[PDB]
$ cat final.cif   # mmCIF, C-alpha atoms and all ligand atoms
data_query
#
loop_
_atom_site.group_PDB
_atom_site.id
_atom_site.type_symbol
_atom_site.label_atom_id
_atom_site.label_comp_id
_atom_site.auth_asym_id
_atom_site.auth_seq_id
_atom_site.Cartn_x
_atom_site.Cartn_y
_atom_site.Cartn_z
ATOM 1 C CA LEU G 1 -136.501 24.914 72.797
ATOM 2 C CA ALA G 2 -136.010 24.098 69.112
ATOM 3 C CA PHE G 3 -135.583 27.463 67.408
ATOM 4 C CA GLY G 4 -132.269 29.205 67.885
ATOM 5 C CA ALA G 5 -131.463 32.877 68.330
ATOM 6 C CA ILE G 6 -127.838 33.924 68.585
ATOM 7 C CA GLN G 7 -126.105 37.311 68.592
ATOM 8 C CA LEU G 8 -122.756 37.516 66.769
ATOM 9 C CA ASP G 9 -120.597 40.608 66.299
ATOM 10 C CA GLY G 10 -118.598 41.753 63.267
ATOM 11 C CA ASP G 11 -115.456 40.329 64.870
ATOM 12 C CA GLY G 12 -116.784 36.846 65.477
ATOM 13 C CA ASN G 13 -117.690 36.895 69.157
ATOM 14 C CA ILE G 14 -120.873 35.478 70.583
ATOM 15 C CA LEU G 15 -123.140 37.551 72.799
ATOM 16 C CA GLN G 16 -126.236 35.587 73.689
ATOM 17 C CA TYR G 17 -127.422 32.090 72.846
ATOM 18 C CA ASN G 18 -130.933 30.671 73.103
ATOM 19 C CA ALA G 19 -132.338 27.882 75.289
ATOM 20 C CA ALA G 20 -132.229 25.660 72.213
ATOM 21 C CA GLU G 21 -128.449 25.240 71.942
ATOM 22 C CA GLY G 22 -128.234 24.850 75.696
ATOM 23 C CA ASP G 23 -131.110 22.394 75.760
ATOM 24 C CA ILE G 24 -129.815 19.450 73.744
ATOM 25 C CA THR G 25 -126.234 20.484 72.935
ATOM 26 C CA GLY G 26 -125.444 22.087 76.265
ATOM 27 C CA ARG G 27 -124.288 25.610 75.482
ATOM 28 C CA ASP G 28 -125.928 28.086 77.856
ATOM 29 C CA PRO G 29 -126.671 31.638 76.568
ATOM 30 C CA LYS G 30 -123.949 33.025 78.844
ATOM 31 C CA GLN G 31 -121.247 30.455 78.052
ATOM 32 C CA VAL G 32 -120.352 31.988 74.699
ATOM 33 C CA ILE G 33 -119.339 35.497 75.713
ATOM 34 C CA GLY G 34 -116.007 36.635 74.333
ATOM 35 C CA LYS G 35 -116.005 33.411 72.434
ATOM 36 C CA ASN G 36 -115.529 33.008 68.708
ATOM 37 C CA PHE G 37 -118.612 31.247 67.346
ATOM 38 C CA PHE G 38 -116.898 30.036 64.215
ATOM 39 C CA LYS G 39 -113.962 28.392 65.979
ATOM 40 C CA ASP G 40 -114.380 28.008 69.724
ATOM 41 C CA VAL G 41 -118.041 26.950 69.901
ATOM 42 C CA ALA G 42 -118.514 25.639 66.335
ATOM 43 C CA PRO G 43 -115.328 25.073 64.260
ATOM 44 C CA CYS G 44 -117.336 23.790 61.294
ATOM 45 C CA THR G 45 -118.773 27.198 60.581
ATOM 46 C CA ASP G 46 -115.850 29.454 59.598
ATOM 47 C CA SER G 47 -116.086 28.772 55.872
ATOM 48 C CA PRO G 48 -117.485 30.524 52.711
ATOM 49 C CA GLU G 49 -120.992 29.056 53.154
ATOM 50 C CA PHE G 50 -121.688 30.101 56.748
ATOM 51 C CA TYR G 51 -118.987 32.471 57.993
ATOM 52 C CA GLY G 52 -118.426 33.778 54.482
ATOM 53 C CA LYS G 53 -122.050 34.811 54.000
ATOM 54 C CA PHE G 54 -122.095 36.286 57.506
ATOM 55 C CA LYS G 55 -119.072 38.365 56.557
ATOM 56 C CA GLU G 56 -120.543 39.523 53.245
ATOM 57 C CA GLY G 57 -122.946 41.902 54.947
ATOM 58 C CA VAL G 58 -120.239 43.061 57.337
ATOM 59 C CA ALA G 59 -117.803 43.681 54.473
ATOM 60 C CA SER G 60 -120.516 45.682 52.732
ATOM 61 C CA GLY G 61 -122.279 47.740 55.383
ATOM 62 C CA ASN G 62 -125.407 46.253 56.872
ATOM 63 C CA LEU G 63 -126.017 42.554 57.370
ATOM 64 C CA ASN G 64 -129.267 40.784 56.599
ATOM 65 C CA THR G 65 -129.138 37.402 54.945
ATOM 66 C CA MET G 66 -130.890 34.047 55.196
ATOM 67 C CA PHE G 67 -129.174 30.908 53.932
ATOM 68 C CA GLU G 68 -129.521 27.182 54.604
ATOM 69 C CA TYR G 69 -126.703 25.435 56.456
ATOM 70 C CA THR G 70 -126.018 22.086 58.114
ATOM 71 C CA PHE G 71 -124.640 21.598 61.633
ATOM 72 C CA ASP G 72 -122.248 18.686 62.032
ATOM 73 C CA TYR G 73 -118.745 17.891 63.381
ATOM 74 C CA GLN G 74 -120.333 17.612 66.834
ATOM 75 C CA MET G 75 -124.001 18.283 66.228
ATOM 76 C CA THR G 76 -125.930 15.506 64.547
ATOM 77 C CA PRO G 77 -126.826 16.426 60.913
ATOM 78 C CA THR G 78 -129.140 19.339 61.585
ATOM 79 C CA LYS G 79 -130.440 21.377 58.669
ATOM 80 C CA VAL G 80 -131.181 24.955 59.627
ATOM 81 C CA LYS G 81 -131.721 28.299 57.994
ATOM 82 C CA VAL G 82 -129.530 31.081 59.213
ATOM 83 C CA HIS G 83 -131.170 34.478 59.133
ATOM 84 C CA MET G 84 -128.667 37.076 60.224
ATOM 85 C CA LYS G 85 -129.513 40.768 60.627
ATOM 86 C CA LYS G 86 -127.880 43.856 62.123
ATOM 87 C CA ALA G 87 -128.500 44.864 65.735
ATOM 88 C CA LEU G 88 -127.942 48.093 67.654
ATOM 89 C CA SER G 89 -128.652 47.003 71.241
ATOM 90 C CA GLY G 90 -125.088 45.850 71.053
ATOM 91 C CA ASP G 91 -122.535 46.248 68.276
ATOM 92 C CA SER G 92 -123.428 42.981 66.570
ATOM 93 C CA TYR G 93 -126.065 41.141 64.539
ATOM 94 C CA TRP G 94 -128.952 38.861 65.424
ATOM 95 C CA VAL G 95 -128.494 35.530 63.747
ATOM 96 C CA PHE G 96 -131.527 33.256 63.896
ATOM 97 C CA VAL G 97 -131.422 29.491 63.588
ATOM 98 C CA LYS G 98 -134.508 28.081 61.879
ATOM 99 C CA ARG G 99 -134.540 24.283 62.058
ATOM 100 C CA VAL G 100 -136.651 22.655 59.361
HETATM 101 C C1 LIG P 201 -119.951 23.090 63.691
HETATM 102 O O1 LIG P 201 -118.881 22.899 64.269
HETATM 103 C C2 LIG P 201 -121.276 23.256 64.432
HETATM 104 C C3 LIG P 201 -121.302 23.198 65.745
HETATM 105 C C4 LIG P 201 -122.492 23.353 66.555
HETATM 106 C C5 LIG P 201 -123.738 23.566 65.980
HETATM 107 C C6 LIG P 201 -124.871 23.711 66.763
HETATM 108 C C7 LIG P 201 -124.765 23.641 68.133
HETATM 109 O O2 LIG P 201 -125.887 23.776 68.919
HETATM 110 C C8 LIG P 201 -123.544 23.431 68.725
HETATM 111 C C9 LIG P 201 -122.416 23.288 67.940
#
$ encode --input "final.cif" --output "structure tokens"
Amino acid sequence: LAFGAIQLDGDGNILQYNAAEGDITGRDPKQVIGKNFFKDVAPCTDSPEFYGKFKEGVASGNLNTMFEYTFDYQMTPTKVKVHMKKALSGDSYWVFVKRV
């Protein structure tokens, strides 16, 4: 696939990936459980532009934001839009990766 759909929790753990990250990169939807997205499966991300914005909704109350971010450090320069929103199926949020 090409569009991404990830589930991150207010701590920083990954729940479920999509068959996009596991398609080209090689991260299956079940390989990221108990894993910190921002450090263990993407150490470029824990910063004020990605992780920071993710945390802004958490720090407030509900999370629902869409910003544009680049994936590098291991991914080739991919420009995506990160639409994160709160979930209740599991204590976490649904963060969507929209590649332009
Ligand atoms: C920053 O370290 C980004 C890492 C990354 C982005 C996208 C992927 O599919 C895999 C790793």
$ residues_near_ligand --input "final.cif" --ligand "ligand LIG 201 (chain P)" --cutoff "6 Å" --atoms "only C-alpha atoms and all ligand atoms" --output "ChimeraX atom specification"
/G:21,25,42-45,71-75
$ residues_around --input "final.cif" --residues "residue 53 (chain G)" --least-positions-apart "6" --cutoff "9 Å" --atoms "only C-alpha atoms" --output "ChimeraX atom specification"
/G:47,65-67
$ residues_around --input "final.cif" --residues "residue 28 (chain G)" --least-positions-apart "4" --cutoff "9 Å" --atoms "only C-alpha atoms" --output "list in words"
residues 16, 17, 18, 19, 20, 21, 22, 23 and 32 of chain G
$ atom_distance --input "final.cif" --atom1 "CA of residue 51 (chain G)" --atom2 "CA of residue 12 (chain G)"
8.9 Å
$ closest_residue --input "final.cif" --among "G:14, G:48, G:1, G:7" --to "residue 33 (chain G)" --atoms "all atoms listed in the file"
G:14
